[PDB]
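Descriptive analysis of the structure
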Amino acid sequence: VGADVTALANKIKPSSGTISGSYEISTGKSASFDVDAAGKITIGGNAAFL
Amino acid sequence: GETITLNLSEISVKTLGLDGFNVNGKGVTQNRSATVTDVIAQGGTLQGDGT
């Protein structure tokens, strides 16, 4: 479904797991994060909005 | 048609059974009190009054 890819997100999310530590997000072109998403997405030392 | 089975083999570590013989180690290690930080670390879910 081009207009609805909620199933795509619900496919990627179980692959990532449930709770883990260091992740990397490359949104844009050169983000290259070191994030810690214990559910809600955060950064080392602070929060992470969007 | 006759011989003498000499039957000798394998005296060493990994066959005398030691293979890891250790005296220091650290002894009988005791665990640390698991707390809410460790609980929430292992994907724990809040249920109530510290539950």
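Residues numbered from 1 in each chain as written, not as in the entry; some residues may be left out. Chains lettered and ligands numbered in written order. Part of a larger assembly, values for the part shown. Heavy atoms only, no water.

The deposited coordinates, according to the entry record, derive from cryo-EM at 3.7 Å resolution.

What follows deals with the overall build of chain A. Of regular secondary structure, chain A possesses one helix and four strands. Secondary structure elements of chain A, listed N to C terminal, follow the sequence α-β-β-β-β. What you see for chain A is a C-alpha radius of gyration of 13 Å, clearly larger than the 10 Å of a compact globule of 50 residues, by over 25%. Taken over the C-alpha atoms alone, chain A extends approximately 40 × 25 × 15 Å along its principal axes. Going through the 50 residues of chain A one by one, you find that 6% of them count as buried. Summed over all atoms, the accessible surface of chain A reaches about 4200 Å², with 59% contributed by carbon and sulfur. For chain A, the separation between the mean place of its 4 positive charges and that of its 4 negative charges on side chains is 7 Å. (Helix = DSSP H or I, 4+ residues; strand = E, 2+ residues; numbered from the N terminus. Rg over C-alpha atoms; globule rule 2.2 N^0.38 Å. Buried < 20%, exposed > 50% of the residue type's maximum accessible area, 1.4 Å probe, protein only. Areas by Shrake-Rupley, 256 points an atom, 1.4 Å probe, with all protein chains shown as cover. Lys, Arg positive; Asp, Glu negative; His and termini not counted. Charge placed at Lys NZ, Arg CZ, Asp CG, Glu CD.)

All right, on to a nonpolar patch on the surface then. Residues and elements named next belong to chain B. Taken together, the side chains of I11, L16, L18, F21 and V23 make up a nonpolar region of the molecular surface, amounting to roughly 620 Å² of accessible area. Mapped onto the fold, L16 is located in the segment before α1 (36-41). By relative accessible area, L16 is classed as exposed at 53%. (Patch = residues over 30% accessible without salt bridge, like charges linked within 9 Å, V, L, I, M, F, W, Y side chains within 5 Å. Salt bridge = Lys/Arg side-chain N within 4 Å of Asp/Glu carboxyl O.)

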